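Undergrad: Give me coordinates for this.
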Amino acid sequence: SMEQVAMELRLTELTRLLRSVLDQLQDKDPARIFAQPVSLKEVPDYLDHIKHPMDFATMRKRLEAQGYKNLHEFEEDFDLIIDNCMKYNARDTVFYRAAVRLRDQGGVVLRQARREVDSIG
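TA: Numbering: from 1, shown residues only. And now the structure:
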């Protein structure tokens with residue numbers, strides 16, 4: 001139907017916007033600490049600690065399968081990245097400190113993307 005197509009053009013444009021947002025947030029991780037899933041070969045106990053792992057590559061697979069229906073769902077996945085890190089790693093570590101910075105620096109990008117999604121519909 002024509003309705004289903006118009007929905008599909010909206011999803012596709014939300015996907016285009018979320019891709020730009022993802023690229024912006026990932027630039028705020030120049031050390032690539034959050035680029036890829038935590039290795040289970042190298043951190044075998046990780047799933048005992050963290051029940052829903054998340055990372056930028058995994059967000060990217062979902063993004064390109066148009067798996068985010070709205071900005072909220074996308075934000076949930078980003079927060080998992082940060083929140084998982086801040087639990088598993090202690091305060092005085094490069095990893096925790098890199099999350100705090102990604103959180104603080106991402107906030108601006110996310111502030112504006114919420115306005116653009118509301119605005120553009």
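Undergrad: Flag every buried residue along stretch 77-86.
TA: The neighbour-count check on stretch 77-86 (16 or more other Cβ atoms under 10 Å) flags 77-78, 80-82, 84-86 as buried. (Each C-beta comes from the backbone N, C-alpha and C, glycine too.)
Undergrad: tell me which element the residue most central in space within the chain is part of?
TA: By Cα atoms, centre = their mean, the mean C-alpha position of the chain lies nearest to residue 78, the distance being 3.1 Å. Residue 78 is part of helix 71-88, with elements assigned from DSSP states H and E.
Undergrad: State the helix or strand in which residue 51 lies.
TA: Short version, using DSSP H and E: residue 51 is in no helix or strand.
Undergrad: Show me where this protein has its helices.
TA: Counting by DSSP state H, one finds helices in the chain at the ranges 2-27, 46-49, 56-64, 71-88, 94-120.
Undergrad: between those helices, which gets nearest to residue 39?
TA: Using Cβ to Cβ as the measure, helix 46-49 is the one of the helices of the chain that comes nearest residue 39, at 8.1 Å.
Undergrad: Now find how far off-centre that closest one is within its chain.
TA: Chain-centre distance of helix 46-49: 20 Å, with Cα atoms, centre = their mean, to the nearest Å.
Undergrad: Could you do stretch 53-72 as well?
TA: Averaging C-alpha positions (Cα atoms, centre = their mean) puts stretch 53-72 7 Å from its chain's average.
Undergrad: Quick one: neighbours of residue 14, just the number.
TA: The local packing of residue 14 (other Cβ atoms under 10 Å) involves 19 other residues.
Undergrad: Hmm, residue 117 and it touching each other?
TA: Yes. Using Cβ atoms under 8 Å, residue 14 is in contact with residue 117, at 7.2 Å.
Undergrad: joint contacts of those two?
TA: Counting by Cβ atoms under 8 Å, 6 or more residues apart in numbering, the common neighbours of residue 14 and residue 117 are 70-71.
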